[PDB]
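Student: Contents of work.pdb (PDB, N, CA and C atoms):
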```
MODEL        1
ATOM      1  N   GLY A   5       9.495  64.665-115.621  1.00  0.00           N
ATOM      2  CA  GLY A   5       9.021  65.877-116.248  1.00  0.00           C
ATOM      3  C   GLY A   5       9.771  67.108-115.793  1.00  0.00           C
ATOM      4  N   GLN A   6      11.064  67.158-116.076  1.00  0.00           N
ATOM      5  CA  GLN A   6      11.843  68.357-115.806  1.00  0.00           C
ATOM      6  C   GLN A   6      11.565  69.407-116.878  1.00  0.00           C
ATOM      7  N   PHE A   7      10.492  70.159-116.671  1.00  0.00           N
ATOM      8  CA  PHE A   7      10.060  71.167-117.631  1.00  0.00           C
ATOM      9  C   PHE A   7      11.147  72.202-117.855  1.00  0.00           C
ATOM     10  N   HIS A   8      11.898  72.522-116.811  1.00  0.00           N
ATOM     11  CA  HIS A   8      13.020  73.434-116.962  1.00  0.00           C
ATOM     12  C   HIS A   8      14.240  72.642-117.411  1.00  0.00           C
ATOM     13  N   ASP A   9      14.115  72.017-118.571  1.00  0.00           N
ATOM     14  CA  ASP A   9      15.152  71.146-119.100  1.00  0.00           C
ATOM     15  C   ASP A   9      16.328  71.959-119.621  1.00  0.00           C
ATOM     16  N   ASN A  10      16.025  73.015-120.367  1.00  0.00           N
ATOM     17  CA  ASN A  10      17.060  73.876-120.919  1.00  0.00           C
ATOM     18  C   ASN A  10      16.622  75.336-120.863  1.00  0.00           C
ATOM     19  N   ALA A  11      15.689  75.704-121.728  1.00  0.00           N
ATOM     20  CA  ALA A  11      15.312  77.099-121.885  1.00  0.00           C
ATOM     21  C   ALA A  11      13.844  77.321-121.553  1.00  0.00           C
ATOM     22  N   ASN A  12      13.450  76.886-120.365  1.00  0.00           N
ATOM     23  CA  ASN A  12      12.108  77.096-119.871  1.00  0.00           C
ATOM     24  C   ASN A  12      11.949  78.537-119.393  1.00  0.00           C
ATOM     25  N   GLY A  13      11.904  79.459-120.342  1.00  0.00           N
ATOM     26  CA  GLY A  13      11.787  80.863-120.011  1.00  0.00           C
ATOM     27  C   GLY A  13      10.347  81.324-119.960  1.00  0.00           C
ATOM     28  N   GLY A  14       9.747  81.244-118.783  1.00  0.00           N
ATOM     29  CA  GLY A  14       8.379  81.690-118.611  1.00  0.00           C
ATOM     30  C   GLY A  14       7.523  80.642-117.939  1.00  0.00           C
ATOM     31  N   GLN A  15       6.678  79.983-118.720  1.00  0.00           N
ATOM     32  CA  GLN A  15       5.797  78.953-118.194  1.00  0.00           C
ATOM     33  C   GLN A  15       6.422  77.580-118.379  1.00  0.00           C
ATOM     34  N   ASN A  16       6.683  76.913-117.258  1.00  0.00           N
ATOM     35  CA  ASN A  16       7.274  75.577-117.269  1.00  0.00           C
ATOM     36  C   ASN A  16       6.391  74.603-118.041  1.00  0.00           C
ATOM     37  N   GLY A  17       5.083  74.806-117.971  1.00  0.00           N
ATOM     38  CA  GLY A  17       4.163  73.942-118.671  1.00  0.00           C
ATOM     39  C   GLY A  17       3.650  74.573-119.945  1.00  0.00           C
ATOM     40  N   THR A  18       4.437  74.492-121.008  1.00  0.00           N
ATOM     41  CA  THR A  18       4.014  75.013-122.295  1.00  0.00           C
ATOM     42  C   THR A  18       3.268  73.937-123.077  1.00  0.00           C
ATOM     43  N   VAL A  19       2.071  74.274-123.553  1.00  0.00           N
ATOM     44  CA  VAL A  19       1.242  73.331-124.291  1.00  0.00           C
ATOM     45  C   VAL A  19       1.099  73.765-125.742  1.00  0.00           C
ATOM     46  N   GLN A  20       1.403  72.856-126.650  1.00  0.00           N
ATOM     47  CA  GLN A  20       1.251  73.106-128.073  1.00  0.00           C
ATOM     48  C   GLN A  20       0.130  72.232-128.624  1.00  0.00           C
ATOM     49  N   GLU A  21      -0.968  72.847-129.043  1.00  0.00           N
ATOM     50  CA  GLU A  21      -2.085  72.089-129.601  1.00  0.00           C
ATOM     51  C   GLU A  21      -2.079  72.088-131.122  1.00  0.00           C
ATOM     52  N   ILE A  22      -1.976  70.893-131.684  1.00  0.00           N
ATOM     53  CA  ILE A  22      -2.004  70.701-133.126  1.00  0.00           C
ATOM     54  C   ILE A  22      -3.254  69.917-133.509  1.00  0.00           C
ATOM     55  N   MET A  23      -3.758  70.153-134.709  1.00  0.00           N
ATOM     56  CA  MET A  23      -4.853  69.362-135.246  1.00  0.00           C
ATOM     57  C   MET A  23      -4.344  68.528-136.406  1.00  0.00           C
ATOM     58  N   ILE A  24      -4.149  67.251-136.159  1.00  0.00           N
ATOM     59  CA  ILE A  24      -3.529  66.381-137.144  1.00  0.00           C
ATOM     60  C   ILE A  24      -4.563  65.854-138.132  1.00  0.00           C
ATOM     61  N   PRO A  25      -4.331  66.055-139.443  1.00  0.00           N
ATOM     62  CA  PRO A  25      -5.208  65.535-140.495  1.00  0.00           C
ATOM     63  C   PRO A  25      -5.505  64.048-140.321  1.00  0.00           C
ATOM     64  N   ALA A  26      -6.759  63.669-140.563  1.00  0.00           N
ATOM     65  CA  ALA A  26      -7.252  62.312-140.318  1.00  0.00           C
ATOM     66  C   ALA A  26      -6.271  61.222-140.759  1.00  0.00           C
ATOM     67  N   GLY A  27      -5.889  61.233-142.031  1.00  0.00           N
ATOM     68  CA  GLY A  27      -5.056  60.169-142.564  1.00  0.00           C
ATOM     69  C   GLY A  27      -3.573  60.455-142.437  1.00  0.00           C
ATOM     70  N   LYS A  28      -3.209  61.732-142.405  1.00  0.00           N
ATOM     71  CA  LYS A  28      -1.809  62.112-142.280  1.00  0.00           C
ATOM     72  C   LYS A  28      -1.357  61.985-140.826  1.00  0.00           C
ATOM     73  N   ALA A  29      -2.308  61.659-139.955  1.00  0.00           N
ATOM     74  CA  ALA A  29      -2.019  61.391-138.551  1.00  0.00           C
ATOM     75  C   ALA A  29      -1.124  60.168-138.410  1.00  0.00           C
ATOM     76  N   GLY A  30      -1.143  59.306-139.424  1.00  0.00           N
ATOM     77  CA  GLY A  30      -0.303  58.123-139.417  1.00  0.00           C
ATOM     78  C   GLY A  30       1.168  58.468-139.298  1.00  0.00           C
ATOM     79  N   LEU A  31       1.524  59.667-139.738  1.00  0.00           N
ATOM     80  CA  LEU A  31       2.902  60.129-139.671  1.00  0.00           C
ATOM     81  C   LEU A  31       3.271  60.532-138.248  1.00  0.00           C
ATOM     82  N   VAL A  32       2.383  61.287-137.610  1.00  0.00           N
ATOM     83  CA  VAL A  32       2.617  61.795-136.272  1.00  0.00           C
ATOM     84  C   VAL A  32       2.528  60.674-135.238  1.00  0.00           C
ATOM     85  N   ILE A  33       1.676  59.696-135.512  1.00  0.00           N
ATOM     86  CA  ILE A  33       1.551  58.535-134.643  1.00  0.00           C
ATOM     87  C   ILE A  33       2.705  57.574-134.897  1.00  0.00           C
ATOM     88  N   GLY A  34       3.020  57.394-136.167  1.00  0.00           N
ATOM     89  CA  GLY A  34       4.153  56.587-136.543  1.00  0.00           C
ATOM     90  C   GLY A  34       3.764  55.208-137.000  1.00  0.00           C
ATOM     91  N   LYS A  35       2.827  55.159-137.942  1.00  0.00           N
ATOM     92  CA  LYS A  35       2.419  53.920-138.601  1.00  0.00           C
ATOM     93  C   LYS A  35       2.087  52.820-137.594  1.00  0.00           C
ATOM     94  N   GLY A  36       1.418  53.192-136.514  1.00  0.00           N
ATOM     95  CA  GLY A  36       1.048  52.221-135.504  1.00  0.00           C
ATOM     96  C   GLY A  36       1.355  52.713-134.109  1.00  0.00           C
ATOM     97  N   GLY A  37       2.343  53.585-134.005  1.00  0.00           N
ATOM     98  CA  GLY A  37       2.692  54.139-132.712  1.00  0.00           C
ATOM     99  C   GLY A  37       4.175  54.045-132.406  1.00  0.00           C
ATOM    100  N   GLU A  38       4.993  53.930-133.436  1.00  0.00           N
ATOM    101  CA  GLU A  38       6.432  53.862-133.241  1.00  0.00           C
ATOM    102  C   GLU A  38       7.012  55.264-133.131  1.00  0.00           C
ATOM    103  N   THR A  39       6.719  56.084-134.132  1.00  0.00           N
ATOM    104  CA  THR A  39       7.205  57.455-134.188  1.00  0.00           C
ATOM    105  C   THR A  39       6.808  58.249-132.945  1.00  0.00           C
ATOM    106  N   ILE A  40       5.554  58.122-132.510  1.00  0.00           N
ATOM    107  CA  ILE A  40       5.074  58.873-131.344  1.00  0.00           C
ATOM    108  C   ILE A  40       5.906  58.566-130.093  1.00  0.00           C
ATOM    109  N   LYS A  41       6.311  57.309-129.936  1.00  0.00           N
ATOM    110  CA  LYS A  41       7.143  56.918-128.804  1.00  0.00           C
ATOM    111  C   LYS A  41       8.511  57.579-128.904  1.00  0.00           C
ATOM    112  N   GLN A  42       9.018  57.657-130.125  1.00  0.00           N
ATOM    113  CA  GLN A  42      10.298  58.281-130.392  1.00  0.00           C
ATOM    114  C   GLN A  42      10.229  59.770-130.100  1.00  0.00           C
ATOM    115  N   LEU A  43       9.163  60.396-130.581  1.00  0.00           N
ATOM    116  CA  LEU A  43       8.981  61.840-130.475  1.00  0.00           C
ATOM    117  C   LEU A  43       9.116  62.328-129.040  1.00  0.00           C
ATOM    118  N   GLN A  44       8.458  61.637-128.124  1.00  0.00           N
ATOM    119  CA  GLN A  44       8.457  62.034-126.724  1.00  0.00           C
ATOM    120  C   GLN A  44       9.855  61.944-126.117  1.00  0.00           C
ATOM    121  N   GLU A  45      10.561  60.869-126.419  1.00  0.00           N
ATOM    122  CA  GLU A  45      11.854  60.613-125.803  1.00  0.00           C
ATOM    123  C   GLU A  45      12.976  61.400-126.477  1.00  0.00           C
ATOM    124  N   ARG A  46      12.886  61.572-127.796  1.00  0.00           N
ATOM    125  CA  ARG A  46      13.942  62.249-128.553  1.00  0.00           C
ATOM    126  C   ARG A  46      14.039  63.728-128.178  1.00  0.00           C
ATOM    127  N   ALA A  47      12.900  64.342-127.894  1.00  0.00           N
ATOM    128  CA  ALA A  47      12.867  65.764-127.585  1.00  0.00           C
ATOM    129  C   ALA A  47      12.776  66.009-126.083  1.00  0.00           C
ATOM    130  N   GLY A  48      12.492  64.952-125.333  1.00  0.00           N
ATOM    131  CA  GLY A  48      12.339  65.080-123.898  1.00  0.00           C
ATOM    132  C   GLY A  48      11.059  65.798-123.527  1.00  0.00           C
ATOM    133  N   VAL A  49      10.002  65.521-124.278  1.00  0.00           N
ATOM    134  CA  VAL A  49       8.711  66.167-124.076  1.00  0.00           C
ATOM    135  C   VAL A  49       7.613  65.124-123.981  1.00  0.00           C
ATOM    136  N   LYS A  50       6.393  65.577-123.767  1.00  0.00           N
ATOM    137  CA  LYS A  50       5.254  64.681-123.809  1.00  0.00           C
ATOM    138  C   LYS A  50       4.270  65.132-124.873  1.00  0.00           C
ATOM    139  N   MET A  51       3.954  64.230-125.781  1.00  0.00           N
ATOM    140  CA  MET A  51       2.974  64.492-126.819  1.00  0.00           C
ATOM    141  C   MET A  51       1.777  63.592-126.602  1.00  0.00           C
ATOM    142  N   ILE A  52       0.628  64.172-126.315  1.00  0.00           N
ATOM    143  CA  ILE A  52      -0.570  63.375-126.161  1.00  0.00           C
ATOM    144  C   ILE A  52      -1.396  63.421-127.439  1.00  0.00           C
ATOM    145  N   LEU A  53      -1.343  62.328-128.181  1.00  0.00           N
ATOM    146  CA  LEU A  53      -2.137  62.179-129.384  1.00  0.00           C
ATOM    147  C   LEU A  53      -3.492  61.609-129.020  1.00  0.00           C
ATOM    148  N   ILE A  54      -4.512  62.452-129.022  1.00  0.00           N
ATOM    149  CA  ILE A  54      -5.853  61.992-128.722  1.00  0.00           C
ATOM    150  C   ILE A  54      -6.391  61.174-129.895  1.00  0.00           C
ATOM    151  N   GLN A  55      -6.071  59.890-129.864  1.00  0.00           N
ATOM    152  CA  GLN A  55      -6.447  58.960-130.917  1.00  0.00           C
ATOM    153  C   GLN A  55      -7.672  58.171-130.488  1.00  0.00           C
ATOM    154  N   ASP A  56      -7.860  58.091-129.181  1.00  0.00           N
ATOM    155  CA  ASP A  56      -8.898  57.254-128.600  1.00  0.00           C
ATOM    156  C   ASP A  56      -9.949  58.114-127.896  1.00  0.00           C
ATOM    157  N   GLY A  57      -9.807  59.425-128.045  1.00  0.00           N
ATOM    158  CA  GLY A  57     -10.755  60.355-127.454  1.00  0.00           C
ATOM    159  C   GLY A  57     -12.130  60.242-128.081  1.00  0.00           C
ATOM    160  N   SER A  58     -12.159  59.719-129.307  1.00  0.00           N
ATOM    161  CA  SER A  58     -13.389  59.554-130.078  1.00  0.00           C
ATOM    162  C   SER A  58     -14.004  60.907-130.428  1.00  0.00           C
ATOM    163  N   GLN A  59     -15.213  60.878-131.001  1.00  0.00           N
ATOM    164  CA  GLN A  59     -15.911  62.084-131.464  1.00  0.00           C
ATOM    165  C   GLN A  59     -15.237  62.638-132.715  1.00  0.00           C
ATOM    166  N   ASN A  60     -13.982  63.032-132.570  1.00  0.00           N
ATOM    167  CA  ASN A  60     -13.208  63.560-133.680  1.00  0.00           C
ATOM    168  C   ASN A  60     -12.273  62.487-134.232  1.00  0.00           C
ATOM    169  N   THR A  61     -12.489  61.244-133.822  1.00  0.00           N
ATOM    170  CA  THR A  61     -11.654  60.136-134.267  1.00  0.00           C
ATOM    171  C   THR A  61     -11.704  59.976-135.781  1.00  0.00           C
ATOM    172  N   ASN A  62     -12.833  60.349-136.362  1.00  0.00           N
ATOM    173  CA  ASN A  62     -13.018  60.256-137.807  1.00  0.00           C
ATOM    174  C   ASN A  62     -12.410  61.467-138.519  1.00  0.00           C
ATOM    175  N   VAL A  63     -11.904  62.433-137.752  1.00  0.00           N
ATOM    176  CA  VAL A  63     -11.404  63.680-138.327  1.00  0.00           C
ATOM    177  C   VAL A  63     -10.023  64.042-137.774  1.00  0.00           C
ATOM    178  N   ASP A  64      -9.721  65.338-137.774  1.00  0.00           N
ATOM    179  CA  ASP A  64      -8.465  65.875-137.250  1.00  0.00           C
ATOM    180  C   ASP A  64      -8.214  65.409-135.818  1.00  0.00           C
ATOM    181  N   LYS A  65      -6.946  65.312-135.441  1.00  0.00           N
ATOM    182  CA  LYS A  65      -6.572  64.781-134.135  1.00  0.00           C
ATOM    183  C   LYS A  65      -6.002  65.862-133.232  1.00  0.00           C
ATOM    184  N   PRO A  66      -6.496  65.938-131.991  1.00  0.00           N
ATOM    185  CA  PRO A  66      -5.994  66.864-130.980  1.00  0.00           C
ATOM    186  C   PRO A  66      -4.656  66.407-130.404  1.00  0.00           C
ATOM    187  N   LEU A  67      -3.608  67.150-130.712  1.00  0.00           N
ATOM    188  CA  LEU A  67      -2.282  66.862-130.187  1.00  0.00           C
ATOM    189  C   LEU A  67      -1.839  67.956-129.227  1.00  0.00           C
ATOM    190  N   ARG A  68      -1.562  67.580-127.988  1.00  0.00           N
ATOM    191  CA  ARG A  68      -1.016  68.520-127.021  1.00  0.00           C
ATOM    192  C   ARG A  68       0.424  68.161-126.677  1.00  0.00           C
ATOM    193  N   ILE A  69       1.341  69.013-127.099  1.00  0.00           N
ATOM    194  CA  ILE A  69       2.742  68.879-126.741  1.00  0.00           C
ATOM    195  C   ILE A  69       3.004  69.674-125.471  1.00  0.00           C
ATOM    196  N   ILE A  70       3.293  68.976-124.390  1.00  0.00           N
ATOM    197  CA  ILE A  70       3.405  69.610-123.088  1.00  0.00           C
ATOM    198  C   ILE A  70       4.837  69.542-122.567  1.00  0.00           C
ATOM    199  N   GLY A  71       5.371  70.684-122.144  1.00  0.00           N
ATOM    200  CA  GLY A  71       6.674  70.695-121.512  1.00  0.00           C
ATOM    201  C   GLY A  71       7.405  72.014-121.667  1.00  0.00           C
ATOM    202  N   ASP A  72       8.706  71.914-121.881  1.00  0.00           N
ATOM    203  CA  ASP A  72       9.593  73.069-121.993  1.00  0.00           C
ATOM    204  C   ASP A  72       9.367  73.811-123.307  1.00  0.00           C
ATOM    205  N   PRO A  73       9.207  75.150-123.235  1.00  0.00           N
ATOM    206  CA  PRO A  73       8.814  75.986-124.383  1.00  0.00           C
ATOM    207  C   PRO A  73       9.769  75.877-125.565  1.00  0.00           C
ATOM    208  N   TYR A  74      11.017  75.548-125.277  1.00  0.00           N
ATOM    209  CA  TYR A  74      12.048  75.488-126.293  1.00  0.00           C
ATOM    210  C   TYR A  74      11.931  74.187-127.074  1.00  0.00           C
ATOM    211  N   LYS A  75      11.797  73.077-126.360  1.00  0.00           N
ATOM    212  CA  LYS A  75      11.651  71.783-127.012  1.00  0.00           C
ATOM    213  C   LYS A  75      10.223  71.550-127.482  1.00  0.00           C
ATOM    214  N   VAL A  76       9.258  72.179-126.826  1.00  0.00           N
ATOM    215  CA  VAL A  76       7.876  72.119-127.286  1.00  0.00           C
ATOM    216  C   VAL A  76       7.760  72.708-128.687  1.00  0.00           C
ATOM    217  N   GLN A  77       8.475  73.799-128.936  1.00  0.00           N
ATOM    218  CA  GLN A  77       8.438  74.424-130.243  1.00  0.00           C
ATOM    219  C   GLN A  77       9.216  73.609-131.256  1.00  0.00           C
ATOM    220  N   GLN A  78      10.366  73.097-130.848  1.00  0.00           N
ATOM    221  CA  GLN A  78      11.160  72.254-131.727  1.00  0.00           C
ATOM    222  C   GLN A  78      10.394  70.991-132.077  1.00  0.00           C
ATOM    223  N   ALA A  79       9.686  70.451-131.095  1.00  0.00           N
ATOM    224  CA  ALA A  79       8.880  69.262-131.294  1.00  0.00           C
ATOM    225  C   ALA A  79       7.648  69.580-132.137  1.00  0.00           C
ATOM    226  N   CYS A  80       7.102  70.774-131.948  1.00  0.00           N
ATOM    227  CA  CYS A  80       5.985  71.247-132.757  1.00  0.00           C
ATOM    228  C   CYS A  80       6.409  71.377-134.208  1.00  0.00           C
ATOM    229  N   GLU A  81       7.482  72.119-134.436  1.00  0.00           N
ATOM    230  CA  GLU A  81       8.013  72.312-135.776  1.00  0.00           C
ATOM    231  C   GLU A  81       8.523  70.995-136.338  1.00  0.00           C
ATOM    232  N   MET A  82       8.798  70.064-135.442  1.00  0.00           N
ATOM    233  CA  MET A  82       9.224  68.720-135.821  1.00  0.00           C
ATOM    234  C   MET A  82       8.069  67.958-136.465  1.00  0.00           C
ATOM    235  N   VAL A  83       6.957  67.859-135.744  1.00  0.00           N
ATOM    236  CA  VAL A  83       5.819  67.073-136.207  1.00  0.00           C
ATOM    237  C   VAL A  83       5.010  67.846-137.240  1.00  0.00           C
ATOM    238  N   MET A  84       5.020  69.167-137.127  1.00  0.00           N
ATOM    239  CA  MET A  84       4.314  70.012-138.072  1.00  0.00           C
ATOM    240  C   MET A  84       5.036  70.000-139.410  1.00  0.00           C
ATOM    241  N   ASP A  85       6.350  69.800-139.370  1.00  0.00           N
ATOM    242  CA  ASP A  85       7.136  69.663-140.595  1.00  0.00           C
ATOM    243  C   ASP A  85       6.680  68.441-141.370  1.00  0.00           C
ATOM    244  N   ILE A  86       6.552  67.324-140.662  1.00  0.00           N
ATOM    245  CA  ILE A  86       6.077  66.075-141.252  1.00  0.00           C
ATOM    246  C   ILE A  86       4.673  66.257-141.812  1.00  0.00           C
ATOM    247  N   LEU A  87       3.910  67.115-141.159  1.00  0.00           N
ATOM    248  CA  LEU A  87       2.527  67.346-141.527  1.00  0.00           C
ATOM    249  C   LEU A  87       2.412  68.322-142.691  1.00  0.00           C
ATOM    250  N   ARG A  88       3.475  69.066-142.946  1.00  0.00           N
ATOM    251  CA  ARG A  88       3.523  69.939-144.109  1.00  0.00           C
ATOM    252  C   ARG A  88       4.378  69.295-145.186  1.00  0.00           C
ATOM    253  N   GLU A  89       4.782  68.070-144.912  1.00  0.00           N
ATOM    254  CA  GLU A  89       5.639  67.315-145.799  1.00  0.00           C
ATOM    255  C   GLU A  89       4.792  66.294-146.554  1.00  0.00           C
TER     256      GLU A  89
ENDMDL
END
```
Would you write out, as structure tokens, the structure that this file holds?

Tutor:
Amino acid sequence: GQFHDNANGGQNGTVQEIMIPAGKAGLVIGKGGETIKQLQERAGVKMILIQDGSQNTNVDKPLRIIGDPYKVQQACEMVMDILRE
């Protein structure tokens, strides 16, 4: 977790919280969990998809993208793009 990977200007631990649509979550997870594994490694970040948190399991999904502010945003705009796609 080298948060200061490139442009960690400010808070090393930048958290991006997304609410993933119930069924469109399949995109962010990756049709079983393939894409999500890629997402973390491709951007060098950590994305916690609360899929098993329950309560809201039937609804929107709590996604916390944690890490460097520069890649956190790129990763946010990455998965949010798919979610607006």

Student: Run the PyMOL selection byres ((chain A and resi 10) around 8) mentally over the shown coordinates, then write out the matched residues as JSON, numbers by chain, using the chain letters and numbers from the document.

Tutor: {"A": [6, 7, 8, 9, 11, 12, 13, 72, 73, 74, 75]}

Student: Run DSSP on the backbone of this structure and report the residues of stretch 26-88 of chain A it assigns to helix (DSSP H, G or I), as a PyMOL selection string.

Tutor: chain A and resi 29-33+38-47+73-87

Student: Using Å and a single decimal, report how far atom CA of residue A:79 sits from atom C of residue A:46.

Tutor: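 Straight-line distance from atom C of residue A:46 to atom CA of residue A:79 works out to 8.2 Å.
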
Student: Just how far from atom CA of residue A:48 is atom N of residue A:62, in Å to one decimal?

Tutor: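 Between these atoms lies a distance of 28.5 Å.
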
Student: Run DSSP on the backbone and give me the residues of stretch 22-68 of chain A it puts in strand (DSSP E), as a list in words.

Tutor: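 Here is the list: residues 22, 23, 24, 50, 51, 52, 53, 65, 66, 67 and 68 of chain A.
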
Student: Could you give me stretch 60-76 of chain A completed to N, CA, C and O atoms, formatted as a PDB file, keeping the file's coordinate frame?

Tutor:
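selection.pdb was written with the following content:
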```
ATOM      1  N   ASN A  60     -13.982  63.032-132.570  1.00  0.00           N
ATOM      2  CA  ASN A  60     -13.208  63.560-133.680  1.00  0.00           C
ATOM      3  C   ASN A  60     -12.273  62.487-134.232  1.00  0.00           C
ATOM      4  O   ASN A  60     -11.370  62.779-135.015  1.00  0.00           O
ATOM      5  N   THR A  61     -12.489  61.244-133.822  1.00  0.00           N
ATOM      6  CA  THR A  61     -11.654  60.136-134.267  1.00  0.00           C
ATOM      7  C   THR A  61     -11.704  59.976-135.781  1.00  0.00           C
ATOM      8  O   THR A  61     -10.737  59.542-136.406  1.00  0.00           O
ATOM      9  N   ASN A  62     -12.833  60.349-136.362  1.00  0.00           N
ATOM     10  CA  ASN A  62     -13.018  60.256-137.807  1.00  0.00           C
ATOM     11  C   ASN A  62     -12.410  61.467-138.519  1.00  0.00           C
ATOM     12  O   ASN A  62     -12.398  61.523-139.750  1.00  0.00           O
ATOM     13  N   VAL A  63     -11.904  62.433-137.752  1.00  0.00           N
ATOM     14  CA  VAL A  63     -11.404  63.680-138.327  1.00  0.00           C
ATOM     15  C   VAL A  63     -10.023  64.042-137.774  1.00  0.00           C
ATOM     16  O   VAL A  63      -9.254  63.162-137.386  1.00  0.00           O
ATOM     17  N   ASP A  64      -9.721  65.338-137.774  1.00  0.00           N
ATOM     18  CA  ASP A  64      -8.465  65.875-137.250  1.00  0.00           C
ATOM     19  C   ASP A  64      -8.214  65.409-135.818  1.00  0.00           C
ATOM     20  O   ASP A  64      -9.155  65.152-135.068  1.00  0.00           O
ATOM     21  N   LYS A  65      -6.946  65.312-135.441  1.00  0.00           N
ATOM     22  CA  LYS A  65      -6.572  64.781-134.135  1.00  0.00           C
ATOM     23  C   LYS A  65      -6.002  65.862-133.232  1.00  0.00           C
ATOM     24  O   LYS A  65      -5.129  66.624-133.643  1.00  0.00           O
ATOM     25  N   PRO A  66      -6.496  65.938-131.991  1.00  0.00           N
ATOM     26  CA  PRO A  66      -5.994  66.864-130.980  1.00  0.00           C
ATOM     27  C   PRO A  66      -4.656  66.407-130.404  1.00  0.00           C
ATOM     28  O   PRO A  66      -4.577  65.386-129.716  1.00  0.00           O
ATOM     29  N   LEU A  67      -3.608  67.150-130.712  1.00  0.00           N
ATOM     30  CA  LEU A  67      -2.282  66.862-130.187  1.00  0.00           C
ATOM     31  C   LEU A  67      -1.839  67.956-129.227  1.00  0.00           C
ATOM     32  O   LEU A  67      -1.762  69.118-129.605  1.00  0.00           O
ATOM     33  N   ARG A  68      -1.562  67.580-127.988  1.00  0.00           N
ATOM     34  CA  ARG A  68      -1.016  68.520-127.021  1.00  0.00           C
ATOM     35  C   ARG A  68       0.424  68.161-126.677  1.00  0.00           C
ATOM     36  O   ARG A  68       0.692  67.120-126.075  1.00  0.00           O
ATOM     37  N   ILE A  69       1.341  69.013-127.099  1.00  0.00           N
ATOM     38  CA  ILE A  69       2.742  68.879-126.741  1.00  0.00           C
ATOM     39  C   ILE A  69       3.004  69.674-125.471  1.00  0.00           C
ATOM     40  O   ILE A  69       2.919  70.899-125.473  1.00  0.00           O
ATOM     41  N   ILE A  70       3.293  68.976-124.390  1.00  0.00           N
ATOM     42  CA  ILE A  70       3.405  69.610-123.088  1.00  0.00           C
ATOM     43  C   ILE A  70       4.837  69.542-122.567  1.00  0.00           C
ATOM     44  O   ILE A  70       5.453  68.472-122.569  1.00  0.00           O
ATOM     45  N   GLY A  71       5.371  70.684-122.144  1.00  0.00           N
ATOM     46  CA  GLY A  71       6.674  70.695-121.512  1.00  0.00           C
ATOM     47  C   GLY A  71       7.405  72.014-121.667  1.00  0.00           C
ATOM     48  O   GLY A  71       6.802  73.087-121.601  1.00  0.00           O
ATOM     49  N   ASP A  72       8.706  71.914-121.881  1.00  0.00           N
ATOM     50  CA  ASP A  72       9.593  73.069-121.993  1.00  0.00           C
ATOM     51  C   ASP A  72       9.367  73.811-123.307  1.00  0.00           C
ATOM     52  O   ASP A  72       9.368  73.203-124.373  1.00  0.00           O
ATOM     53  N   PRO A  73       9.207  75.150-123.235  1.00  0.00           N
ATOM     54  CA  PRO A  73       8.814  75.986-124.383  1.00  0.00           C
ATOM     55  C   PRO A  73       9.769  75.877-125.565  1.00  0.00           C
ATOM     56  O   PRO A  73       9.377  76.084-126.716  1.00  0.00           O
ATOM     57  N   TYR A  74      11.017  75.548-125.277  1.00  0.00           N
ATOM     58  CA  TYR A  74      12.048  75.488-126.293  1.00  0.00           C
ATOM     59  C   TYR A  74      11.931  74.187-127.074  1.00  0.00           C
ATOM     60  O   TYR A  74      11.939  74.187-128.304  1.00  0.00           O
ATOM     61  N   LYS A  75      11.797  73.077-126.360  1.00  0.00           N
ATOM     62  CA  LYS A  75      11.651  71.783-127.012  1.00  0.00           C
ATOM     63  C   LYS A  75      10.223  71.550-127.482  1.00  0.00           C
ATOM     64  O   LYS A  75      10.006  70.815-128.433  1.00  0.00           O
ATOM     65  N   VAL A  76       9.258  72.179-126.826  1.00  0.00           N
ATOM     66  CA  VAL A  76       7.876  72.119-127.286  1.00  0.00           C
ATOM     67  C   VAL A  76       7.760  72.708-128.687  1.00  0.00           C
ATOM     68  O   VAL A  76       7.062  72.163-129.543  1.00  0.00           O
TER      69      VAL A  76
END
```
